[PDB]
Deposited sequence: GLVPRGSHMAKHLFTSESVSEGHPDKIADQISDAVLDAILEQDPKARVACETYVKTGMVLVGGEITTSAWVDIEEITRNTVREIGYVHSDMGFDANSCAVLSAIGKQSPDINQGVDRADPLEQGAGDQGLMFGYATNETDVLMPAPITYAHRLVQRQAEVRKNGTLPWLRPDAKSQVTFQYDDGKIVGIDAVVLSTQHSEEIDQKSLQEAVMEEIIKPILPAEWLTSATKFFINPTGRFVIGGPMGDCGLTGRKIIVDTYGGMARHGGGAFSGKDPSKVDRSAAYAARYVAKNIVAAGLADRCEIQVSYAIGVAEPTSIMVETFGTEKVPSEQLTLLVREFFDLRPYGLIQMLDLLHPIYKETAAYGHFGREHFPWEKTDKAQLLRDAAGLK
């Protein structure tokens, strides 16, 4: 069969909103690690609206955080359709409306979350989303270091993999759309994108002559970013996670502090699934957890291994309960989440980069020993 996943660059207006929300969160967590943050961003031609509910002792400058975030993305001129130095920044932030052991606090909301891991790649992530991520990240890298200076921030990527008996056979189709300045024709752009973006990223074994390459398929891409389309926080939740390979509970990540289970329980679910796969206990593993508001223990825990489990399924569920703390604040302690580390997650994927806390496999050897070594 075939499977397809997509990603977007840091200049995509939805991702601009996600990065602004988490930039505000990082600046608040730098001063107040226990802060409650629920920050929603709306970006359109000329303006950024930053809203939500915030409870903190921190003192931050929303305008300067927003402008710096958009400067780093690359929109610094009206020719690009958006300028961090001259756009409007509006604020509509308000306020948010008991246990002896803080680890026993009930969940601040109901909801369901999923985590996933698979053998297909080295980072234990599905191949389609990983290489879709690496294509848009390579586009930004080659734009910022001056290799292809005519590139502009907004870009999208899509990769279609072919699977046979659960194994990767190759790449069926590639889509790469990138914004650019007026000073380059489409033919030169397609050659440069193939040479400096696609070929360095996609492994040659998976690229045959039957592979379809769609580079700027409709032609010129000069108007981009917030100029063309609205951007809102939390409208890229499948890009942020597994590119559709695994399920999703619906909650967005960016702009939320670690006490929101929509974010931290999904981080912990990846942490569990990755360590299970890293331990050689399964080839593929999906975890579902759910919470009731005001209840500390998860209302449900599902472990699905798609027939690839190397130990019995009842054992795997036992291992998860034995080695992981899935209570809302227990996640925070287990993963050490009260740190300004979240703007870096707001683009190119929350899962797959080994330096995040939920990407450490520091429990894999323990899980091996606890089962048949």
Legend entry - Deposited sequence positions missing from the model - stretches, numbered from 1, in order: 1-11, 109-115, 392
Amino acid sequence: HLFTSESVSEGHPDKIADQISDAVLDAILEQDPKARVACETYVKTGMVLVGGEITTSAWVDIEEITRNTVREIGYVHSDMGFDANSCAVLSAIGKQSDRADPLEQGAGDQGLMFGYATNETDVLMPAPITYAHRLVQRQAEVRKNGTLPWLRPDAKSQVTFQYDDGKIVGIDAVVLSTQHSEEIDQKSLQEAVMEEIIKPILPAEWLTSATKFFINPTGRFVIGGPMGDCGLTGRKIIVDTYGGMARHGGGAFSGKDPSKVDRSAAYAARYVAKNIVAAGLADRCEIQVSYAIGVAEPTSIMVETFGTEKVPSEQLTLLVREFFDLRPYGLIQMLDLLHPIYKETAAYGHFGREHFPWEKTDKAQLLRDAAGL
From here on, numbers count along this sequence of modelled residues.
Inset, instruction - Look up the CA B-factors in the entry and say which stretch, 183-191 or 235-243, has the higher mean. - result: 183-191
Inset, instruction - Decide which of the stretches 307-315 and 340-348 has the higher mean C-alpha B-factor, going by the entry. - result: 307-315
Inset, instruction - Could you say which of 264, 157, 160, 121 has its CA atom at the highest B factor, as listed in the PDB entry? - result: 121
Inset, instruction - Tell me which of 228, 153, 251, 108 tops the list for C-alpha B factor in the record. - result: 228
Inset, instruction - Please rank the C-alpha B-factors of the chain's modelled residues and tell me whether residue 37 sits in the lowest, middle or highest third. - result: lowest
Inset, instruction - Could you look up the Cα B-factor of residue 28 in the entry and say which third of the chain it sits in: lowest, middle or highest? - result: middle
Inset, instruction - Compare the C-alpha B factor of residue 220 with those of the other modelled residues in its chain, then answer lowest, middle or highest third. - result: middle
Inset, instruction - Sorting the chain's modelled residues by C-alpha B-factor, tell me whether residue 146 ends up in the lowest, middle or highest third. - result: highest
Legend entry - Lowest, middle or highest third - CA B-factor, residue 320: middle
